[PDB]
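S.K.: Here's a structure for you.
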Amino acid sequence: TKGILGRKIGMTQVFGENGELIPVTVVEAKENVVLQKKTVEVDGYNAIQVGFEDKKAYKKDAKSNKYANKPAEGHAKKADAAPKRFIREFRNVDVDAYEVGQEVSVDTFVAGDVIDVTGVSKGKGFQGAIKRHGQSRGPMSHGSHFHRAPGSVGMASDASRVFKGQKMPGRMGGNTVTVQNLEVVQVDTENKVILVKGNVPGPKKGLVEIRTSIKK
Amino acid sequence: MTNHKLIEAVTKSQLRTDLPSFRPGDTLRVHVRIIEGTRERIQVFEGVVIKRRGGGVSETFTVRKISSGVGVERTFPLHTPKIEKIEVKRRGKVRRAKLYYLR
Amino acid sequence: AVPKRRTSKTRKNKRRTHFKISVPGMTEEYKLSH
Amino acid sequence: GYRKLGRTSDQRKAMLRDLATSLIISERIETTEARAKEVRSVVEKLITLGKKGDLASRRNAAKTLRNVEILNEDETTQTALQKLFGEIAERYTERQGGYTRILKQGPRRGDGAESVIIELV
Amino acid sequence: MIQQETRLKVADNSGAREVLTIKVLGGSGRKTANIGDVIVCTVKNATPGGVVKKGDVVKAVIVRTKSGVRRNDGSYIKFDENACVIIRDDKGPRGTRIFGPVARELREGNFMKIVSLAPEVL
RNA sequence: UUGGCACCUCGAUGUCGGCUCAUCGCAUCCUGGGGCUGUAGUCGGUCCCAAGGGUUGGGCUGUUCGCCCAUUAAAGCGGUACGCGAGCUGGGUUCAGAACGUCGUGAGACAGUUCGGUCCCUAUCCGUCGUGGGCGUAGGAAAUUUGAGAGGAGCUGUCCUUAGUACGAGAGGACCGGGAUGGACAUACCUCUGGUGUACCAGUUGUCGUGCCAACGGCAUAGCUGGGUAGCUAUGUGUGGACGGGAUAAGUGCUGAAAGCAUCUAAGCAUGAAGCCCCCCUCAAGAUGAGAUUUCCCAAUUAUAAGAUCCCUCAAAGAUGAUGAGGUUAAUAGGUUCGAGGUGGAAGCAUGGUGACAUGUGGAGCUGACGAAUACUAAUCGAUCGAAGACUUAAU
Ligand SMILES: [K+]
Ligand SMILES: [Mg+2]
Ligand SMILES: [Mg+2]
Ligand SMILES: [Mg+2]
Ligand SMILES: [Mg+2]
Ligand SMILES: [Mg+2]
Ligand SMILES: [Mg+2]
């Protein structure tokens, strides 16, 4: 199949042929390169390891991730590249194709295709039990002291434990979610943009992962 | 909207430079084309401009009218292809920029 | 809501492994007064 | 920006206006870290009115600067408003912004609070 | 929006003038209704002399709202009051003459008998 | 279930419904398979397999339960101190007051009905949801990963065309298989519709401060009213439910013995259910059974190398730790100069009006959180940890 990586930029709309509105996100995807093709004889699985954004070169008093390091730099130039920031493996794609050290163009995505998107969520901190799991809150008048709280937790002296898959507060946020079966609207080539019908996860300037759908 | 200018460039050939100008409280007519078959007609909406927000393709307004006792309102995008033309025929004076005291 | 038992001498001291303090930095004695 | 400093709106708008003034007179003060990262901005927006010097800026150079302090420097009397447009504005006619400077002293004795200096440059 | 214990009005020549909504005809615990929706009502105020007296349960149909409808072309239409029209077993109206406009969505809603009679469709 | 017995508890096992949460069992209420008949067709009826999921809003009296209007694919019976009061309520329940009736010679009762009437606790241990420091994984470190195993999603309806053909005495009615549009539910997001927006913009009353001109500020719920940027949000905006396969219940069968014939199970053997494992999403090598690649670093006890941390500037992250962006060869936050989006035409002079006012110079001026460019301010200074490939037993 086919797969490209890129950053989420924003969200707008376009007018179709029948004047209909279609809402879209705007994915930027430049500078992808193949760095290691795999094998079953070595690893046990065929795949394609890909890296997306460029960064700078080795430096002596190095105290960021802007400037790369030697193990990285010894992996870019191998396949004749520059140091790459992000790295991912794609596993469901044909490997007789995709020779090494090349680039990957958006042009391999037509307009009107079908995809599935994969990214990170947004961050909510320490949150309660009815924003999170979304369940009923209690009376606020008629002499009541139960407003926002999880009521009960167990039964009685039978089953005196508390089962594990139980709903309490804590942290929800930067988890991995996917979205199935969206549509490809339009594909620029100069600005290196791909548009998708619908809204997809993550914050602005984040990272997005795009791949062909497997379903029918 | 110069963020890195990648969104206000793609959405460039969906604009249109055909449309006159208008502030709130400026009567104007709106020649829609409505499709209910192999081919169908126009059916104007007339009224008075109360609202206008935004910038870009997502720039909207709305107009008010009374019709046989009842009030009605319709809000439109500016750059859609349905709207053949706009015809500003009168102009006024106000001190507000959102009008809701008209109900 | 009330302790049912006594806290031993160990469980009191197994707990204070992390209840210490820390050291300042060290610039040439000179302070790290950025 | 957006710091509240455990002080509700009606209080913070008057604490940041006293800091901007008494500074100007003595050009050097001693505060906690947080406050001086907020008069880092209020006072830098307040010389930029002093280079114009027009009749309108004096009218918006008074809605935050503080009531007429009858100074007394060497054999004289000033106002904090006929010192800001006459004297600081003239030293600083050819630089861009950035005319403050924060400096870290140590902590305090009682409440264990980082103490810093702030001056003009 | 139109839910239980809601008071619409009437725009036909059939005697019933005001009503009260007590249901919506979906069924999986549905809790609202917009334009184009068959409901159940009663009467709370009639006109002397007519065909639908006070205290009679009847089914009825929306024709107007304060919340509009989201046309697929990216367009919206919201009126300034609410309204209803009273119907029969044969999927058609009790009275004859319609008053006040209606909404074009009623063409693809099998209510063509009412656009067949009304002054201003819009 | 109403009970019988009186084995724990009276130096306290302290409570009937309803609200919030959930969890198991089938002797199945709906959906799912089929057999059976008077089921011609529909509609059922009967028994058989099946627990994956699903299982309504309101009126009267305390109402546990009871009756009634109105909808629904359907509006299930039982368990878990008649599930849950160190999580909520207190109508009901037996307190002291006072009426009304049966009773008593009187103290008072049997309540046969009504009205009024103080809810104590800073969570130690286990259990549970979430997040981190320390050793270990036969040299040390930076990136990418396999997946033994564990959890999660799982629902359904109507129109119409299929197709009036199999079948149906004809009307009626499938199989087939095509979509179209939906209700409830579960998840990401803010372009639209809209809600808030306490350091943003105009308007507006009262009173203190400049012996007043009002152009300004302070307090009076932000003094009130009209609007509203970034940001988090749903009543808004878009996807999802799977099909598909491997076999198994009842039940349909074929060769085929039983006993010639027979016969669905006996040697055989195809068939077939929303159920079961596989397919779809998420976490996972503390998986002490501690994995697999890729590249980088290499000694005179002992310094130090690859490489990380202290420390300072900040958010796309956040209770604190941690994660992430950047540290003068530098665009990190602030500021300054330009833009956007929002408000709705300043001050100050100049014409017109006796006057309070309106026009023009000018889509004016101001603008917190978003975007860009620019070294003017500060990220200085400098310190601290940190590896030198064991042994057999084989092949080399
Ligand atoms: K109720
Ligand atoms: Mg109380
Ligand atoms: Mg320090
Ligand atoms: Mg008994
Ligand atoms: Mg018993
Ligand atoms: Mg005995
Ligand atoms: Mg005062």
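Just so we're on the same page: first chain in the structure tokens is A, next is B, and so on; residues restart at 1 for each chain, and ligands are numbered from 1 in the order they show up.
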Around ligand 1, at most 10 Å away and counting only C-alpha atoms (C1' of nucleotides) and all ligand atoms, which residues are there? Put them as an MDAnalysis selection string, please.

M.R.: chainID F and resid 57:59

S.K.: Let me see if you get this right: every residue at most 9 Å from ligand 3, counting only C-alpha atoms (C1' of nucleotides) and all ligand atoms, written as a PDB file with N, CA and C atoms (P, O5', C5', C4', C3', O3' and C1' of nucleotides), in the first residue's frame.

M.R.:
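Saved result, selection.pdb, follows:
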ATOM      1  N   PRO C  24      22.880  22.715  47.036  1.00  0.00           N
ATOM      2  CA  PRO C  24      22.876  23.715  45.958  1.00  0.00           C
ATOM      3  C   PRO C  24      23.781  23.310  44.810  1.00  0.00           C
ATOM      4  N   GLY C  25      23.801  24.114  43.757  1.00  0.00           N
ATOM      5  CA  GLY C  25      24.808  23.976  42.736  1.00  0.00           C
ATOM      6  C   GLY C  25      26.162  24.461  43.224  1.00  0.00           C
ATOM      7  N   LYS C  31      27.981  31.873  44.146  1.00  0.00           N
ATOM      8  CA  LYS C  31      26.590  31.479  44.025  1.00  0.00           C
ATOM      9  C   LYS C  31      26.209  31.331  42.554  1.00  0.00           C
ATOM     10  N   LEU C  32      25.222  30.470  42.270  1.00  0.00           N
ATOM     11  CA  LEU C  32      24.620  30.419  40.930  1.00  0.00           C
ATOM     12  C   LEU C  32      23.536  31.491  40.820  1.00  0.00           C
ATOM     13  N   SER C  33      23.996  32.734  40.721  1.00  0.00           N
ATOM     14  CA  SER C  33      23.118  33.902  40.689  1.00  0.00           C
ATOM     15  C   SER C  33      22.918  34.373  39.249  1.00  0.00           C
ATOM     16  N   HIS C  34      22.272  33.521  38.454  1.00  0.00           N
ATOM     17  CA  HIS C  34      22.035  33.827  37.044  1.00  0.00           C
ATOM     18  C   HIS C  34      21.249  35.123  36.840  1.00  0.00           C
TER      19      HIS C  34
ATOM     20  N   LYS D 104      19.568  38.288  40.122  1.00  0.00           N
ATOM     21  CA  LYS D 104      19.176  37.362  41.173  1.00  0.00           C
ATOM     22  C   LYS D 104      20.085  37.500  42.384  1.00  0.00           C
ATOM     23  N   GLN D 105      19.537  38.003  43.477  1.00  0.00           N
ATOM     24  CA  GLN D 105      20.154  37.867  44.779  1.00  0.00           C
ATOM     25  C   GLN D 105      19.695  36.542  45.376  1.00  0.00           C
ATOM     26  N   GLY D 106      19.956  36.333  46.657  1.00  0.00           N
ATOM     27  CA  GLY D 106      19.597  35.103  47.301  1.00  0.00           C
ATOM     28  C   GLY D 106      18.167  35.093  47.780  1.00  0.00           C
ATOM     29  N   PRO D 107      17.819  34.098  48.576  1.00  0.00           N
ATOM     30  CA  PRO D 107      16.500  34.059  49.196  1.00  0.00           C
ATOM     31  C   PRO D 107      16.438  34.923  50.450  1.00  0.00           C
ATOM     32  N   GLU D 114      12.702  33.950  46.758  1.00  0.00           N
ATOM     33  CA  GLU D 114      13.769  34.454  45.920  1.00  0.00           C
ATOM     34  C   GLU D 114      13.628  35.955  45.778  1.00  0.00           C
TER      35      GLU D 114
ATOM     36  P     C F 311      17.956  21.080  39.227  1.00  0.00           P
ATOM     37  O5'   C F 311      18.621  22.459  38.799  1.00  0.00           O
ATOM     38  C5'   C F 311      19.508  23.128  39.675  1.00  0.00           C
ATOM     39  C4'   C F 311      20.348  24.169  38.974  1.00  0.00           C
ATOM     40  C3'   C F 311      19.614  25.251  38.210  1.00  0.00           C
ATOM     41  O3'   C F 311      19.104  26.272  39.050  1.00  0.00           O
ATOM     42  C1'   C F 311      21.461  24.479  36.945  1.00  0.00           C
ATOM     43  P     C F 312      17.709  26.994  38.711  1.00  0.00           P
ATOM     44  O5'   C F 312      17.997  27.806  37.376  1.00  0.00           O
ATOM     45  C5'   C F 312      17.885  29.218  37.369  1.00  0.00           C
ATOM     46  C4'   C F 312      18.211  29.818  36.024  1.00  0.00           C
ATOM     47  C3'   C F 312      17.051  30.086  35.076  1.00  0.00           C
ATOM     48  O3'   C F 312      16.341  31.274  35.362  1.00  0.00           O
ATOM     49  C1'   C F 312      18.807  29.057  33.894  1.00  0.00           C
TER      50        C F 312
END

S.K.: Name each residue within 10 Å of ligand 5, counting only C-alpha atoms (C1' of nucleotides) and all ligand atoms, as a PDB file with N, CA and C atoms (P, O5', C5', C4', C3', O3' and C1' of nucleotides), in the first residue's frame.

M.R.:
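The new file part-v1.pdb reads:
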ATOM      1  P     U F   1     -37.144 -15.119  50.990  1.00  0.00           P
ATOM      2  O5'   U F   1     -38.719 -15.308  51.083  1.00  0.00           O
ATOM      3  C5'   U F   1     -39.578 -14.478  50.321  1.00  0.00           C
ATOM      4  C4'   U F   1     -41.030 -14.716  50.624  1.00  0.00           C
ATOM      5  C3'   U F   1     -41.424 -14.818  52.083  1.00  0.00           C
ATOM      6  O3'   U F   1     -41.550 -13.558  52.727  1.00  0.00           O
ATOM      7  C1'   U F   1     -42.451 -16.546  50.856  1.00  0.00           C
ATOM      8  P     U F   2     -41.476 -13.461  54.334  1.00  0.00           P
ATOM      9  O5'   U F   2     -42.774 -14.244  54.839  1.00  0.00           O
ATOM     10  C5'   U F   2     -43.976 -13.562  55.169  1.00  0.00           C
ATOM     11  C4'   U F   2     -44.949 -14.455  55.890  1.00  0.00           C
ATOM     12  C3'   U F   2     -44.539 -14.935  57.265  1.00  0.00           C
ATOM     13  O3'   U F   2     -44.681 -13.974  58.294  1.00  0.00           O
ATOM     14  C1'   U F   2     -45.362 -16.755  56.043  1.00  0.00           C
ATOM     15  P     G F   3     -43.810 -14.146  59.633  1.00  0.00           P
ATOM     16  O5'   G F   3     -44.217 -15.592  60.157  1.00  0.00           O
ATOM     17  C5'   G F   3     -43.290 -16.412  60.843  1.00  0.00           C
ATOM     18  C4'   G F   3     -43.625 -17.868  60.698  1.00  0.00           C
ATOM     19  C3'   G F   3     -42.968 -18.823  61.673  1.00  0.00           C
ATOM     20  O3'   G F   3     -43.553 -18.847  62.964  1.00  0.00           O
ATOM     21  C1'   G F   3     -42.758 -19.681  59.510  1.00  0.00           C
ATOM     22  P     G F   4     -42.614 -18.854  64.272  1.00  0.00           P
ATOM     23  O5'   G F   4     -41.958 -20.303  64.287  1.00  0.00           O
ATOM     24  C5'   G F   4     -42.744 -21.418  64.649  1.00  0.00           C
ATOM     25  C4'   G F   4     -42.010 -22.728  64.537  1.00  0.00           C
ATOM     26  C3'   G F   4     -40.810 -22.927  65.444  1.00  0.00           C
ATOM     27  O3'   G F   4     -41.138 -23.328  66.765  1.00  0.00           O
ATOM     28  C1'   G F   4     -40.226 -23.511  63.254  1.00  0.00           C
TER      29        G F   4
END

S.K.: Which polymer residues have any atom within 12 Å of an atom of residue E:94, counting only C-alpha atoms (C1' of nucleotides), with same-chain residues fewer than 3 positions away left out, as JSON, numbers by chain?

M.R.: {"E": [10, 11, 12, 13, 14, 15, 16, 50, 51, 52, 58, 59, 60, 61, 85, 86, 87, 88, 89, 90, 91, 97, 98, 113, 114]}

S.K.: With N, CA and C atoms retained, could you export that selection as a compact mmCIF listing (two decimals), in the first residue's frame?

M.R.:
# COMPACT_ATOMS: atom_id res chain seq x y z
N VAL E 10 -50.99 26.81 16.65
CA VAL E 10 -51.66 26.21 15.52
C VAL E 10 -51.86 27.25 14.44
N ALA E 11 -51.73 26.80 13.20
CA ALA E 11 -51.82 27.62 12.01
C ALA E 11 -52.72 26.95 10.97
N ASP E 12 -53.92 26.54 11.38
CA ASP E 12 -54.90 26.03 10.43
C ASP E 12 -56.31 26.40 10.90
N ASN E 13 -57.27 26.16 10.02
CA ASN E 13 -58.66 26.59 10.22
C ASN E 13 -59.52 25.45 10.76
N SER E 14 -59.08 24.89 11.89
CA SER E 14 -59.69 23.68 12.44
C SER E 14 -60.06 23.82 13.91
N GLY E 15 -60.05 25.04 14.45
CA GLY E 15 -60.59 25.27 15.77
C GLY E 15 -59.57 25.23 16.88
N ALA E 16 -58.79 24.16 16.94
CA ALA E 16 -57.69 24.09 17.90
C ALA E 16 -56.67 25.17 17.59
N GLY E 50 -66.38 24.87 15.65
CA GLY E 50 -65.38 24.22 14.83
C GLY E 50 -65.51 22.71 14.92
N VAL E 51 -64.40 22.04 14.63
CA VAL E 51 -64.38 20.60 14.42
C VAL E 51 -63.45 19.87 15.37
N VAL E 52 -62.63 20.58 16.14
CA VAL E 52 -61.66 20.00 17.06
C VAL E 52 -61.80 20.77 18.37
N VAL E 58 -54.76 14.39 19.66
CA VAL E 58 -54.56 14.34 18.22
C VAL E 58 -53.07 14.36 17.90
N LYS E 59 -52.73 13.84 16.72
CA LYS E 59 -51.37 13.92 16.21
C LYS E 59 -51.20 15.15 15.35
N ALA E 60 -49.96 15.58 15.21
CA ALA E 60 -49.67 16.92 14.72
C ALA E 60 -48.25 16.95 14.18
N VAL E 61 -47.93 18.04 13.48
CA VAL E 61 -46.70 18.17 12.71
C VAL E 61 -46.14 19.57 12.88
N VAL E 85 -49.22 21.99 12.93
CA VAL E 85 -50.39 21.75 12.10
C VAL E 85 -50.92 20.36 12.40
N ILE E 86 -52.21 20.25 12.43
CA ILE E 86 -52.94 19.11 12.95
C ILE E 86 -53.37 18.26 11.78
N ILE E 87 -53.29 16.94 11.95
CA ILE E 87 -53.43 15.99 10.84
C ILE E 87 -54.42 14.90 11.22
N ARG E 88 -54.53 13.91 10.34
CA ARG E 88 -55.58 12.90 10.34
C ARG E 88 -54.95 11.52 10.26
N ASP E 89 -55.78 10.49 10.03
CA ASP E 89 -55.28 9.14 9.83
C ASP E 89 -54.72 8.94 8.43
N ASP E 90 -55.28 9.62 7.44
CA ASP E 90 -54.85 9.46 6.05
C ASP E 90 -53.60 10.25 5.71
N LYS E 91 -52.83 10.69 6.71
CA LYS E 91 -51.56 11.38 6.50
C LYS E 91 -51.80 12.76 5.88
N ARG E 97 -57.26 25.40 5.04
CA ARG E 97 -56.49 26.56 4.64
C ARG E 97 -55.32 26.80 5.58
N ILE E 98 -54.13 26.95 5.02
CA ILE E 98 -52.92 27.17 5.80
C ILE E 98 -52.72 28.66 5.95
N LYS E 113 -48.94 17.81 0.56
CA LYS E 113 -50.29 18.34 0.65
C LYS E 113 -50.36 19.71 1.28
N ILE E 114 -49.33 20.14 2.00
CA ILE E 114 -49.40 21.35 2.81
C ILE E 114 -48.65 22.45 2.09

S.K.: Could you list, as a ChimeraX atom specification, all the residues within 12 Å of ligand 6, counting only C-alpha atoms (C1' of nucleotides) and all ligand atoms?

M.R.: /F:5-7

S.K.: Please, which residues of chain E lie no more than 7 Å from chain F when the count uses only C-alpha atoms (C1' of nucleotides), and can they be set out as an MDAnalysis selection string?

M.R.: chainID E and resid 26:30

S.K.: With only C-alpha atoms (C1' of nucleotides) and all ligand atoms counted, collect every polymer residue having an atom within 7 Å of ligand 7; state the result as a list in words.

M.R.: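 Every residue with an atom at most 7 Å from ligand 7 is listed here: residues 208, 218 and 219 of chain F.
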
S.K.: Hey, what's within 8 Å of stretch 33-46 of chain D if we count only C-alpha atoms (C1' of nucleotides) and toss same-chain stuff fewer than 4 positions away? As a ChimeraX atom specification, please?

M.R.: /D:1,3,5,16,19-20,50,61,97-100,102,114-116,118 /F:334-335

S.K.: For chain B, work out the contacting residues on chain E at 12 Å, counting only C-alpha atoms, and write them as a ChimeraX atom specification.

M.R.: /E:11,64-71,73-83,99-105,107-108,118-122

S.K.: For a test of reading the model, state the distance in Å between atom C1' of residue F:388 and atom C1' of residue F:304, rounded to one decimal.

M.R.: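 So the answer is 10.9 Å.
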
S.K.: Name the residues in contact with residue B:97 at a cut-off of 9 Å, using only C-alpha atoms (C1' of nucleotides), excluding same-chain residues fewer than 3 positions from it; report them as JSON, numbers by chain.

M.R.: {"B": [23, 24, 50, 51, 52, 94], "F": [227, 343, 344]}

S.K.: Would you kindly return, as a list in words, each protein, DNA or RNA residue with an atom no farther than 10 Å from any atom of stretch 135-143 of chain A, considering only C-alpha atoms (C1' of nucleotides) and excluding same-chain residues fewer than 4 positions away?

M.R.: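 Near neighbours after the sequence-gap exclusion: residues 129, 130, 131, 147, 148, 149, 150 and 151 of chain A; 19, 20, 21, 88 and 89 of chain F.
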
S.K.: Can you check which residues of chain C have any atom within 7 Å of chain F? Use only C-alpha atoms (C1' of nucleotides) and format it as a ChimeraX atom specification.

M.R.: /C:1-5,25-28,34

S.K.: Give me, as a PyMOL selection string, the residues of chain D that a backbone DSSP run labels alpha helix (DSSP H).

M.R.: chain D and resi 9-26+33-36+39-42+44-52+57-60+89-91

S.K.: For a quick test of understanding: name the residues of chain F lying within 10 Å of chain B when counting only C-alpha atoms (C1' of nucleotides), and present them as a PyMOL selection string.

M.R.: chain F and resi 191-192+202+226-227+339-345+370-372

S.K.: Extract, using only C-alpha atoms (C1' of nucleotides), all DNA, RNA and protein residues at most 9 Å from residue E:32, discarding same-chain residues fewer than 5 positions from it, and format them as a JSON list (two decimals) with N, CA, C and O atoms, in the first residue's frame.

M.R.:
[["chain", "number", "residue", "atom", "x", "y", "z"],
["E", 1, "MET", "N", -35.86, 22.65, 22.29],
["E", 1, "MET", "CA", -36.64, 22.21, 21.09],
["E", 1, "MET", "C", -37.86, 21.47, 21.58],
["E", 1, "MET", "O", -38.06, 21.30, 22.78],
["E", 2, "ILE", "N", -38.68, 21.04, 20.63],
["E", 2, "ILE", "CA", -39.99, 20.50, 20.95],
["E", 2, "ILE", "C", -39.81, 19.19, 21.69],
["E", 2, "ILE", "O", -39.34, 18.20, 21.13],
["E", 3, "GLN", "N", -40.17, 19.20, 22.96],
["E", 3, "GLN", "CA", -40.11, 18.04, 23.81],
["E", 3, "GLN", "C", -41.38, 17.98, 24.62],
["E", 3, "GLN", "O", -42.29, 18.79, 24.45],
["E", 4, "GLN", "N", -41.44, 17.00, 25.50],
["E", 4, "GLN", "CA", -42.59, 16.83, 26.36],
["E", 4, "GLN", "C", -42.83, 18.05, 27.23],
["E", 4, "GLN", "O", -41.89, 18.71, 27.68],
["E", 23, "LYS", "N", -45.18, 13.77, 23.64],
["E", 23, "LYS", "CA", -44.50, 12.59, 23.12],
["E", 23, "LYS", "C", -43.78, 12.97, 21.83],
["E", 23, "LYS", "O", -43.97, 14.06, 21.29],
["E", 24, "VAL", "N", -42.94, 12.05, 21.36],
["E", 24, "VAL", "CA", -42.32, 12.11, 20.04],
["E", 24, "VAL", "C", -42.23, 10.68, 19.50],
["E", 24, "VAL", "O", -41.91, 9.75, 20.25]]
